[PDB]
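Working notes, structure below.
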Amino acid sequence: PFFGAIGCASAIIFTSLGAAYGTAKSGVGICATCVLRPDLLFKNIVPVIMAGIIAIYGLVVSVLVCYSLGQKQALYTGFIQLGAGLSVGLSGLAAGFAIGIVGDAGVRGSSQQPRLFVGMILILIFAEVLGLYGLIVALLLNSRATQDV
Amino acid sequence: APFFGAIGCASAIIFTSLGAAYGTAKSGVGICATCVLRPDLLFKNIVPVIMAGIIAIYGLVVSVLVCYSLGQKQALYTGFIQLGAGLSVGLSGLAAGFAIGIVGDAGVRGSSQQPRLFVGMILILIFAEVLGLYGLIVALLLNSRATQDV
Amino acid sequence: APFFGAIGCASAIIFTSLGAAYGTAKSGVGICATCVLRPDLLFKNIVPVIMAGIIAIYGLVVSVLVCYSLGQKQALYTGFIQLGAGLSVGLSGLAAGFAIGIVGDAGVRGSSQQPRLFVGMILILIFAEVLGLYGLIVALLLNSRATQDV
Amino acid sequence: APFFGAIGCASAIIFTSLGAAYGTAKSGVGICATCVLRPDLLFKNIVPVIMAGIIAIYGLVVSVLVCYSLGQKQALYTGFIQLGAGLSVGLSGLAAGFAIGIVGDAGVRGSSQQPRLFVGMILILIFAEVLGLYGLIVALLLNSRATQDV
Amino acid sequence: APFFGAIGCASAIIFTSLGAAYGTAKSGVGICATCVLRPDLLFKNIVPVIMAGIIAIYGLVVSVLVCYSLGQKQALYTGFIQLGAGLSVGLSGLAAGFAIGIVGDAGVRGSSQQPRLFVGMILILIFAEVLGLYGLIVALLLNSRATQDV
Amino acid sequence: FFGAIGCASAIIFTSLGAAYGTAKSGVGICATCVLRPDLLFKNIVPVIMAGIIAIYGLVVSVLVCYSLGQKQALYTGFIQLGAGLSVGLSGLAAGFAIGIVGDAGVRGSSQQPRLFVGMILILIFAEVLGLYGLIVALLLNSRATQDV
Amino acid sequence: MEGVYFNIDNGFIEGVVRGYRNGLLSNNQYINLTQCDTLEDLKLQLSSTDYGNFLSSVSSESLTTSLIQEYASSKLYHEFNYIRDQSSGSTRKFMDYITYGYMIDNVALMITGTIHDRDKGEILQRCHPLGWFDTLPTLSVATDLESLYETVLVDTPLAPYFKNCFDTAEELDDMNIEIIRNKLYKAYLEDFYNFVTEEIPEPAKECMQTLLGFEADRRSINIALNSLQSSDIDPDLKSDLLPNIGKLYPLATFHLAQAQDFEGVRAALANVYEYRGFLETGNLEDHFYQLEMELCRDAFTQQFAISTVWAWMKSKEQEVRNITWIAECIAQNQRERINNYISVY
Amino acid sequence: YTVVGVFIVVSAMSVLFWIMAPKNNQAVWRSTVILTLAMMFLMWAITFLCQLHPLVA
Amino acid sequence: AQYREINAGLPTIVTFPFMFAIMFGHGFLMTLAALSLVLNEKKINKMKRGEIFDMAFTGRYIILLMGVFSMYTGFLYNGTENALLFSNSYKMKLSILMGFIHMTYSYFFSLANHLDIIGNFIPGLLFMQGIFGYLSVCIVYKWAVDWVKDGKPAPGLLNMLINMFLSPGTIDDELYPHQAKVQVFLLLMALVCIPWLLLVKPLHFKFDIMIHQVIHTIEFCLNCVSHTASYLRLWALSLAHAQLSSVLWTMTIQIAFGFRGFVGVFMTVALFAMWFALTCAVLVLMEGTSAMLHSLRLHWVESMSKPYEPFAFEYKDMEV
Amino acid sequence: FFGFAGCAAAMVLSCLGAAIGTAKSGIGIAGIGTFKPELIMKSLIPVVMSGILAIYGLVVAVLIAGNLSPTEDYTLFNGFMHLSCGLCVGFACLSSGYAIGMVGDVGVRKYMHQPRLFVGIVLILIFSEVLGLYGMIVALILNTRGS
Amino acid sequence: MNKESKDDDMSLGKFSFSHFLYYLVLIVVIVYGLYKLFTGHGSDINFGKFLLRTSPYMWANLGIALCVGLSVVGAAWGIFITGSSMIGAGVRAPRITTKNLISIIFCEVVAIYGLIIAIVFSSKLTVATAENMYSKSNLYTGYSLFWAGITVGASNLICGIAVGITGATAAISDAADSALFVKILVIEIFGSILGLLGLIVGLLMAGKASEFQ
């Protein structure tokens, strides 16, 4: 065994890829929305900062899972961390993938009408429950991996 | 023993979070496009985002129950019912979110022009969530047999 | 044995939930467009989503019946008929849901112009449940012989 | 002794160099397209290439620090650590370079007609480098325990 | 021993030669003449071929350094530590060669019309050309400790 | 022993290439026959020329099938795969080339009777690749029966 | 990029497409023939090129306007219909899709001209998949959408004119030839983006994407400049969708299309092409011809690429229009004014 | 042994542009000698015999 | 951009050419080619040869100062270098101490401007001054570690990488052992700089500040690691250019002198001409690729100091 | 017997790269109506230059096949170095032929377009030939250091 | 062993999907099989600590028939685009497009090239032509004939494809038979000599694999 390091890095890699795709999808709609009028550029920056907050859960989960790692690697310490990191990584990647399209659609629709910032901010801000549930499942899965031989 | 049963608990929340993310994105795209033309239908069209995002609680509760039913020791035959129930709940939540997003986009686009299809659009989106409840019930029935071995 | 019979239980509800979600999305995509042309056909268009969603109960019933047969102990020959019954009911439910989606969308678009064409679209969706009924009967007959000991 | 962690040090600089090269190409395409219309924003738009190319220094310093902590005995407490620690910084640098490419191309194309979002694009890249820095911190934390294997 | 790790020296110039070939191939493509000639762009466009070929020049030195440290017969410890340096220079040389190819094609097409874009177009490939040396330094650092195996 | 698929691979590849060349020659002959009823006899050369390649794979499959089931070992089922792949690749390439060559020769011969001699010359000269591949399969099948 | 895939039909179709383009006339022959003014010298000078076979098949003692359209119409049938009969697969499907894309607006012009007492014999030469003896007489004479749906469905494969006929059957496009031509041009650009999106990653396409992207903005600027001072409708489909979403917008093309003196958007979008903000239609057409000619000469020399087939298809229509305007200008005993500047690009 | 002794010997026996300067360009001429001398001090070239035995391993 | 005296391009005239000349004796060709365009500037202005050579001919003082300063650092590399992992261990740690003086000089120059009536500069350069000060102090003490209480794994980045991860430890390795409180005082001084940065803004502003202090805190936190992380390009390009020059010179010098007679003059003349021809293009490629210090000094150095005023101010400084 | 796969697969990439480079370079010599002045005047350098890539893999495969023998030291197992030695020259010859084909097609296409940029296609195309020499030099250096 | 039927099944399955790729849409090659094979090989090769490789045993003979089959299959595909060029021209001119059939002789010689080496590479046996690992040792001599014949067959297929690719553009190539077509024929000869050079270098580097006993 001794292969739990890729599962530990997959939580920050999936949240970093989902946050990068959400920031790219937010900047893609913000680049087209900024061409119409330079009066709502500060309002469209909320999707990149909201999508970038999902990487802190995978980073703190990767640091907490890395802090409980033992000196001897075996089969009991290289199987639960892969699913625990893959759960928070896939949850942050799905939340970043939905936050990218939600930030792109809200950033594109926010150019013509500035009143959609409440609904786009609420629908875009309502995607953190998947990453929080994935980090909560990764904490419970990481809590049962102690005493590795 | 391998002790690799956490992939079944992670696959349920991964599939439910992916289906809820795709349904929330597909419902938020048509909700944003229909909300750009008029903001009065935002509160009526806001139900599909919560309905698509509510499917993640089944995979999160199934992963929490599968993680709570794991224990300190595992065997080789322990990681089967969690993988089947996790894959079934993940596929059911992904199909329910995929149908919920396409139903929410056409519901918001058709409801943007004339505000009369909200009864059928709310009934289709409220009726398409039964697959996640059936897969969560099958994941609970498969999870009930995982608290006796080991 | 490994006791890996959960894939046959989850494979029926996965393909059944995916085909039911695809059929409900296919009927909900055309229901919102057909509801704008005639307000009287709004309540009549809800029958294809409920008719397409009825095929999901076969994989949930076969997975719920096959879920109790696992238990804690297993063997080398127990766990093979459930995969064939689950994949057999899942493929027929996914194909019946996929054909029921395009048949419901084409039946709603053709029924939007004239009301006499709704009997053909309802007849195709009513006639497309024979594959799911035969696959559910074969999955029930295969699931009935799987439980012999324990 | 047997070890397989040698590819983990070289795997770290691959994703950051590929994402930095793709971000430099996507930023250079919009900078070259915007430099033809007005030569005043050409010197201002050149900062995102050098700012995007600084993400490879974290993977190169992590690869040099992981290569400096290499011992003479290979075991299970040294192998597989540099692959995940370098793979996390490589995937974070590849995602930050991939977002910096679309952010630089969209910022250069939107700033080509009317430059008003240059500080927003530079703040988007400066806020996008923190995703690579967060992966680099976990790669340094996992890379710090790659020595003393028995 | 196993005698695995000899492909690391030959694998170095593969991605670097493919990236330099893609950069030199993509640099000549594009508009270079419009009516009868260009504004001295023929003498300026020759820099991206040598700039893309610099990583291929360093890849032969890295592959020669790995080939000198390969040897006829060595232990399994030096073989596992020797492999891995070629993929780091190969991936960064391929990504920097692809970014130098796209930046050379866009800088050649945009530089064909206006000659003022060659200053930023040369600085884009000059700033993107360090990806091969950044991986070559890590490959030389890992290859420097692969000698004197026991 | 796994050389049973080698005897069927030659007739499978030659039947597939002859089927595709006969389909393209029949489509080109049917499309060229609508413009004039005099080119029907001239347009039938590509289907008859492409359909003659099945006899080499059938005779090679019968000859390779004749040495199976009586004398076989762990080293006697290797030549049938190379001979069947050899005749199958040459028959499949010659059928696909003879189909487009027959369609282009029928389209060029439909305008005037000038390209029909060139298409009939190339179609008559394209059988050397099938005969050279058939001679290697006959020479490989004739040299068998070495290890019991 | 290119040269890494194996294509059997693409090599013969690319060689047969490059063989007709190599034997065609050049800019030196058009510049030399444009300077001279004589009906007898035009037949002798034009006999050396590839059009000397069709022009030499039927000719009289005087220059006629009917023989000029019959020469390019006879050369277009052998240059376009001859390659489709000898080809098959995705190359013949894309080549038939391009001829169906040009036949979407070319058949729409005959369908709109059918109400004005127009037939198959009263239409000019245009790019199509077949001649006007199989599908053009029944499609041009057929005024009902039910017969045009079965006539378009009878051809293999399915063309994009069925959706335009279905949208035009309910009166969803326009009541004039302007809105039907703009919606047909936008649907033709959407179909070219659909086939160019489908068969895109066979080779490495670089000049085809820039030629289609510049041709979309040149077609939108030409459609907005054509309706300038014509009182066009801002809420009507007259703005073709382009790949640029940060330089050219639909509101700027719709506002610039109306007679309000709003040509500053073309000057803001300028500095990258041959067009510029002005008030002369001849200078805008000459700059649009030189802008469309850019990236077209590179496709005539490069081989093993899918963009060279579309660039040769547009270069055949541009060379047929330039040869028809050059022959029509000298056929009337006059000197070209706008065709002389656009004779070389 | 180190270059800190040579840089301390240069800094000890050197004013380092202190204190006055010329009239024309007194700021660049004043800080230029201190920046070049401080750049040379960090560029003192402290060679081997602290990390000697090169050409290893 | 109308600053005449300060502070736009004051430290860029020394920090620019000194840090730019470290990437490039190979510096004699840049000083000869840079000094050759002095008298021939009027005739070379109307020759019309190249676009980068015209901008290099306009900035004759920048290429003359950087070309003259590049010969000093270039002559030392091409200290000695005879093997691998010997010369790079000192040239790698030399760029940290070389860039730390310009980093502290930019903070002192930024702290000198705006002259409580001062603030927003006391918290900056406190965490990086402690971490980078202990890393530069460990690199300075690492070259004196003889006897055995020393080591070169690497030093520099190895001590800072091992530090900040163990409070109970003292140093690993080659650090000042007096005894363990260096990391505690560094972590306390770096952790105390968090509230003092945002707290010192309203006291220094007087005799919407929250978002500016948070964005300046995160931008200072990212630029503090990016500014120290961007220093590797000088030693990377210097070691790559020195290895690329010494490989061709060592691979051509031995073959040039062999086969005495006419073959040594012809083969040595052709090999020396091709070697010098490739060496001039390699030095021109490194000089063209040495703009990273100008870009990072123009954006990152100009962001914490105060624009294109330092580029014209650096050339206008040597002219007046 | 495992060492013969590298020598047999050594020139397989150089022959496929030189064949595609010669076919891609020869495919662009069709146009455009001038054969006396410029086609071929200086466009024959890529076709003849691309054929020299197979000689390095063929000579390296003949030297690697002649160097190894069944009675020599082959009980290691150390025969995996011949696969990297042959694949190193094969990938460099294939990339050099693939870049030489696109450089010859771009130089032949841009040669007839402008009469002033003819030296740029030759100067840019001349640098592409040095790519395949590194795999042959590394293959000969790896074969010289072995048995 | 198990690799005996897997090698023939994979060899037939690769040519089946490769031949079905250019055909009508009935089947297609699995692109995920390469990433699944690389991930499955690197995953099992990475963990655990063990040498992962293959072992050839006895057969060693598929390169002999595969060389002549690959040369005949490569030579048979070049004549399609070469012969279709003259029919593609048609009535455009009576020029050298009907007299440029010299490339078809080299394309027909490309099928004999490799097949002559495969015919001369066996004598006095059909099961084994050298020392095999079924009744003796020294199986490298019989093992190298498979890779040498596969390399010579692939080189003959590439030269045969390059000959037809040169001839199909080298039919007439300007507009007619007024300009000489020898410029494309020079590149066709330069891409035609690679089969003879690769066959001479592969035959010389391959060694002797006949007269087994």
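Letters for chains follow the order of the structure tokens (A, B, ...), residue numbers begin at 1 for each chain, and ligand numbers begin at 1 in the order shown.
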
Contact check, chain B to chain A, at most 6 Å, counting only C-alpha atoms, closest pairs as JSON lines:
```
{"residue": "B:2", "atom": "CA", "partner": "A:75", "partner_atom": "CA", "distance": 5.8}
{"residue": "B:3", "atom": "CA", "partner": "A:76", "partner_atom": "CA", "distance": 5.8}
{"residue": "B:4", "atom": "CA", "partner": "A:79", "partner_atom": "CA", "distance": 4.6}
{"residue": "B:6", "atom": "CA", "partner": "A:83", "partner_atom": "CA", "distance": 5.1}
{"residue": "B:7", "atom": "CA", "partner": "A:83", "partner_atom": "CA", "distance": 4.5}
{"residue": "B:10", "atom": "CA", "partner": "A:87", "partner_atom": "CA", "distance": 4.6}
{"residue": "B:14", "atom": "CA", "partner": "A:90", "partner_atom": "CA", "distance": 5.4}
{"residue": "B:17", "atom": "CA", "partner": "A:130", "partner_atom": "CA", "distance": 5.4}
{"residue": "B:18", "atom": "CA", "partner": "A:94", "partner_atom": "CA", "distance": 4.9}
{"residue": "B:21", "atom": "CA", "partner": "A:98", "partner_atom": "CA", "distance": 4.8}
{"residue": "B:22", "atom": "CA", "partner": "A:98", "partner_atom": "CA", "distance": 5.9}
{"residue": "B:25", "atom": "CA", "partner": "A:98", "partner_atom": "CA", "distance": 4.5}
{"residue": "B:28", "atom": "CA", "partner": "A:102", "partner_atom": "CA", "distance": 5.7}
{"residue": "B:29", "atom": "CA", "partner": "A:105", "partner_atom": "CA", "distance": 5.3}
{"residue": "B:32", "atom": "CA", "partner": "A:106", "partner_atom": "CA", "distance": 5.7}
{"residue": "B:36", "atom": "CA", "partner": "A:109", "partner_atom": "CA", "distance": 5.3}
{"residue": "B:67", "atom": "CA", "partner": "A:141", "partner_atom": "CA", "distance": 5.7}
```

Residue 65 (chain G): which residues within 9 Å, counting only C-alpha atoms, same-chain residues fewer than 5 positions away excluded, as a PyMOL selection string? chain G and resi 70+327-328+331-332

For residue 208 (chain K), find every residue with an atom within 10 Å (counting only C-alpha atoms), except residues of its own chain fewer than 5 positions away, and show them as a ChimeraX atom specification. /K:120-122,129-130,141-142,144-145,203

What's the 6 Å shell around residue 14 (chain F), counting only C-alpha atoms, without same-chain residues fewer than 6 positions away, as number ranges by chain? F: 54, 88, 91-92

Could the residues in this selection be saved with N, CA, C and O atoms as a compact mmCIF listing (two decimals), in the first residue's frame?
```txt
# COMPACT_ATOMS: atom_id res chain seq x y z
N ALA F 54 -12.63 -13.06 -53.04
CA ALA F 54 -13.14 -13.93 -51.99
C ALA F 54 -12.67 -15.37 -52.17
O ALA F 54 -12.67 -16.16 -51.22
N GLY F 88 -6.09 -11.25 -45.52
CA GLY F 88 -7.21 -10.42 -45.11
C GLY F 88 -6.92 -8.94 -45.24
O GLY F 88 -7.81 -8.15 -45.57
N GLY F 91 -6.75 -8.31 -49.08
CA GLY F 91 -8.08 -8.37 -49.66
C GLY F 91 -8.96 -7.22 -49.20
O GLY F 91 -9.77 -6.69 -49.97
N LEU F 92 -8.80 -6.80 -47.95
CA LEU F 92 -9.60 -5.69 -47.43
C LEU F 92 -9.12 -4.36 -47.99
O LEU F 92 -9.93 -3.45 -48.23
```

Can I get the residues of chain E within 8 Å of chain H, each with the closest pair of atoms and their distance in Å to one decimal, using only C-alpha atoms, sorted chain first then ascending number, as CSV?
```
residue,atom,partner,partner_atom,distance
E:144,CA,H:57,CA,7.4
E:145,CA,H:57,CA,6.7
E:147,CA,H:57,CA,6.5
E:148,CA,H:57,CA,7.0
```

Excluding region 96-107 of chain C and any residue of its chain fewer than 4 positions from it, enumerate the residues within 10 Å of it, using only C-alpha atoms, and give them as an MDAnalysis selection string. chainID C and resid 15:31 33:34 45 47:49 51:56 90:92 111:112 117:132

Hey, can you spit out that residue selection with N, CA and C atoms as a compact mmCIF listing (two decimals), in the first residue's frame?
```txt
# COMPACT_ATOMS: atom_id res chain seq x y z
N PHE C 15 -30.14 2.50 -13.40
CA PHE C 15 -30.62 2.63 -14.77
C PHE C 15 -32.10 3.00 -14.80
N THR C 16 -32.86 2.56 -13.80
CA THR C 16 -34.27 2.91 -13.73
C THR C 16 -34.45 4.38 -13.34
N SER C 17 -33.60 4.87 -12.43
CA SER C 17 -33.67 6.28 -12.04
C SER C 17 -33.12 7.18 -13.14
N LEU C 18 -32.14 6.68 -13.90
CA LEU C 18 -31.59 7.47 -15.01
C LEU C 18 -32.57 7.53 -16.17
N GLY C 19 -33.24 6.41 -16.47
CA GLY C 19 -34.22 6.42 -17.54
C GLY C 19 -35.49 7.16 -17.15
N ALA C 20 -35.86 7.09 -15.87
CA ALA C 20 -37.02 7.83 -15.40
C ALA C 20 -36.73 9.33 -15.33
N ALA C 21 -35.49 9.69 -15.00
CA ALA C 21 -35.10 11.09 -14.97
C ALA C 21 -34.99 11.65 -16.38
N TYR C 22 -34.51 10.83 -17.32
CA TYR C 22 -34.42 11.26 -18.71
C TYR C 22 -35.80 11.37 -19.35
N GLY C 23 -36.71 10.47 -18.98
CA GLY C 23 -38.07 10.56 -19.51
C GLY C 23 -38.85 11.70 -18.89
N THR C 24 -38.62 11.97 -17.60
CA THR C 24 -39.28 13.08 -16.94
C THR C 24 -38.73 14.42 -17.42
N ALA C 25 -37.44 14.46 -17.76
CA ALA C 25 -36.85 15.67 -18.33
C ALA C 25 -37.30 15.87 -19.77
N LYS C 26 -37.47 14.76 -20.50
CA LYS C 26 -37.92 14.86 -21.89
C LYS C 26 -39.38 15.26 -21.97
N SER C 27 -40.20 14.81 -21.02
CA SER C 27 -41.60 15.23 -20.99
C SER C 27 -41.75 16.63 -20.42
N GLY C 28 -40.90 16.99 -19.46
CA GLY C 28 -40.97 18.32 -18.87
C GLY C 28 -40.41 19.39 -19.78
N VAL C 29 -39.54 19.00 -20.72
CA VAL C 29 -38.99 19.96 -21.67
C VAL C 29 -40.04 20.34 -22.71
N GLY C 30 -40.88 19.38 -23.10
CA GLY C 30 -41.90 19.67 -24.09
C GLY C 30 -43.21 20.12 -23.47
N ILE C 31 -43.39 19.87 -22.17
CA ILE C 31 -44.63 20.25 -21.49
C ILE C 31 -44.70 21.76 -21.30
N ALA C 33 -43.19 23.99 -23.23
CA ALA C 33 -43.37 24.61 -24.54
C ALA C 33 -44.78 24.38 -25.08
N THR C 34 -45.36 23.21 -24.80
CA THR C 34 -46.71 22.93 -25.28
C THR C 34 -47.77 23.60 -24.41
N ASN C 45 -51.12 17.37 -20.15
CA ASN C 45 -49.73 17.08 -20.46
C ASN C 45 -48.96 16.47 -19.29
N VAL C 47 -49.70 13.74 -17.75
CA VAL C 47 -49.78 12.28 -17.75
C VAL C 47 -48.51 11.62 -18.27
N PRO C 48 -47.73 12.23 -19.17
CA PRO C 48 -46.53 11.55 -19.67
C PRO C 48 -45.38 11.49 -18.67
N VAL C 49 -45.30 12.47 -17.76
CA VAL C 49 -44.25 12.44 -16.74
C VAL C 49 -44.55 11.38 -15.69
N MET C 51 -46.48 8.76 -16.26
CA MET C 51 -46.40 7.47 -16.94
C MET C 51 -44.95 7.05 -17.17
N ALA C 52 -44.07 8.02 -17.42
CA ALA C 52 -42.65 7.71 -17.61
C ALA C 52 -41.97 7.42 -16.28
N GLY C 53 -42.48 8.01 -15.19
CA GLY C 53 -41.86 7.81 -13.89
C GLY C 53 -42.30 6.53 -13.20
N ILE C 54 -43.19 5.76 -13.83
CA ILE C 54 -43.70 4.55 -13.20
C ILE C 54 -42.73 3.39 -13.37
N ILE C 55 -41.74 3.55 -14.25
CA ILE C 55 -40.80 2.46 -14.53
C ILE C 55 -39.69 2.40 -13.49
N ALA C 56 -39.62 3.39 -12.59
CA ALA C 56 -38.55 3.42 -11.60
C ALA C 56 -38.86 2.51 -10.42
N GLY C 90 -32.78 -2.75 -15.70
CA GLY C 90 -32.22 -1.43 -15.85
C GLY C 90 -32.08 -0.98 -17.29
N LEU C 91 -31.71 -1.92 -18.17
CA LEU C 91 -31.59 -1.58 -19.59
C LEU C 91 -32.95 -1.38 -20.23
N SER C 92 -33.94 -2.19 -19.84
CA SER C 92 -35.29 -2.04 -20.37
C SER C 92 -35.96 -0.79 -19.82
N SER C 111 -49.47 16.80 -30.21
CA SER C 111 -50.76 16.95 -29.56
C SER C 111 -51.08 18.41 -29.26
N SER C 112 -50.09 19.29 -29.38
CA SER C 112 -50.32 20.72 -29.14
C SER C 112 -51.13 21.34 -30.27
N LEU C 117 -54.28 13.77 -31.58
CA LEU C 117 -53.00 13.07 -31.66
C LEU C 117 -52.45 12.70 -30.29
N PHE C 118 -53.16 13.03 -29.21
CA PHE C 118 -52.68 12.69 -27.87
C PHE C 118 -52.91 11.21 -27.57
N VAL C 119 -53.85 10.59 -28.27
CA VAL C 119 -54.15 9.17 -28.04
C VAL C 119 -53.03 8.30 -28.58
N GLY C 120 -52.36 8.75 -29.64
CA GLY C 120 -51.23 8.00 -30.17
C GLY C 120 -49.99 8.13 -29.31
N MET C 121 -49.76 9.33 -28.77
CA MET C 121 -48.60 9.54 -27.90
C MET C 121 -48.80 8.86 -26.55
N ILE C 122 -50.05 8.83 -26.07
CA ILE C 122 -50.34 8.11 -24.84
C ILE C 122 -50.35 6.60 -25.09
N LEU C 123 -50.66 6.20 -26.33
CA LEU C 123 -50.67 4.79 -26.67
C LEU C 123 -49.26 4.24 -26.84
N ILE C 124 -48.33 5.09 -27.31
CA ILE C 124 -46.94 4.66 -27.45
C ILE C 124 -46.27 4.54 -26.09
N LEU C 125 -46.58 5.48 -25.19
CA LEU C 125 -46.03 5.42 -23.84
C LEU C 125 -46.68 4.32 -23.02
N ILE C 126 -47.95 4.02 -23.31
CA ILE C 126 -48.63 2.92 -22.62
C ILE C 126 -48.14 1.58 -23.16
N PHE C 127 -47.75 1.55 -24.44
CA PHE C 127 -47.24 0.33 -25.06
C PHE C 127 -45.74 0.14 -24.84
N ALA C 128 -45.04 1.16 -24.35
CA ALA C 128 -43.60 1.04 -24.10
C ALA C 128 -43.28 0.46 -22.73
N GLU C 129 -44.30 0.17 -21.92
CA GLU C 129 -44.05 -0.34 -20.57
C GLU C 129 -43.96 -1.86 -20.56
N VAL C 130 -44.13 -2.50 -21.72
CA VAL C 130 -44.08 -3.96 -21.80
C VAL C 130 -42.67 -4.48 -21.62
N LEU C 131 -41.67 -3.70 -22.05
CA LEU C 131 -40.28 -4.11 -21.86
C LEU C 131 -39.87 -3.99 -20.39
N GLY C 132 -40.38 -2.96 -19.71
CA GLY C 132 -40.10 -2.83 -18.29
C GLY C 132 -40.87 -3.83 -17.45
```

Atomic separation - CA of residue 155 (chain K) relative to CA of residue 15 (chain J), Å: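 Interatomic distance here is 6.2 Å.
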
What are the residues of chain G that have an atom within 10 Å of an atom of chain F, counting only C-alpha atoms, as a VMD selection string? chain G and resid 8 to 9 82 85 to 88

Please check the contacts: residues of chain K at most 6 Å away from chain J, using only C-alpha atoms, listed as a VMD selection string. chain K and resid 140 144 147 to 148 151 162 173 187 201 205

Would you output that residue set with C-alpha atoms, as a PDB file, in the first residue's frame?
```pdb
ATOM      1  CA  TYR K 140      16.383 -14.380 -28.963  1.00  0.00           C
ATOM      2  CA  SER K 144      13.999 -10.956 -33.109  1.00  0.00           C
ATOM      3  CA  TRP K 147      10.195  -7.372 -34.395  1.00  0.00           C
ATOM      4  CA  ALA K 148      12.406  -7.176 -37.498  1.00  0.00           C
ATOM      5  CA  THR K 151       9.500  -3.077 -38.407  1.00  0.00           C
ATOM      6  CA  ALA K 162       3.977   7.703 -49.084  1.00  0.00           C
ATOM      7  CA  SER K 173      -0.674  18.902 -60.450  1.00  0.00           C
ATOM      8  CA  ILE K 187       9.478  13.696 -54.091  1.00  0.00           C
ATOM      9  CA  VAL K 201      18.736  -1.570 -43.086  1.00  0.00           C
ATOM     10  CA  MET K 205      20.223  -5.270 -38.856  1.00  0.00           C
TER      11      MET K 205
END
```

Compile the contact shell of residue 139 (chain C) as a ChimeraX atom specification: residues with an atom at most 9 Å away, counting only C-alpha atoms, same-chain residues fewer than 6 positions apart removed. /C:58-59,62,81-82,84-89

What parts of region 45-193 of chain K does DSSP call alpha helix (DSSP H)? I'd like the answer as number ranges by chain. K: 45-46, 62-89, 102-112, 115-120, 140-169, 182-190, 193

Separation of CA of residue 56 (chain J) and CA of residue 154 (chain K), in Å? 17.4 Å
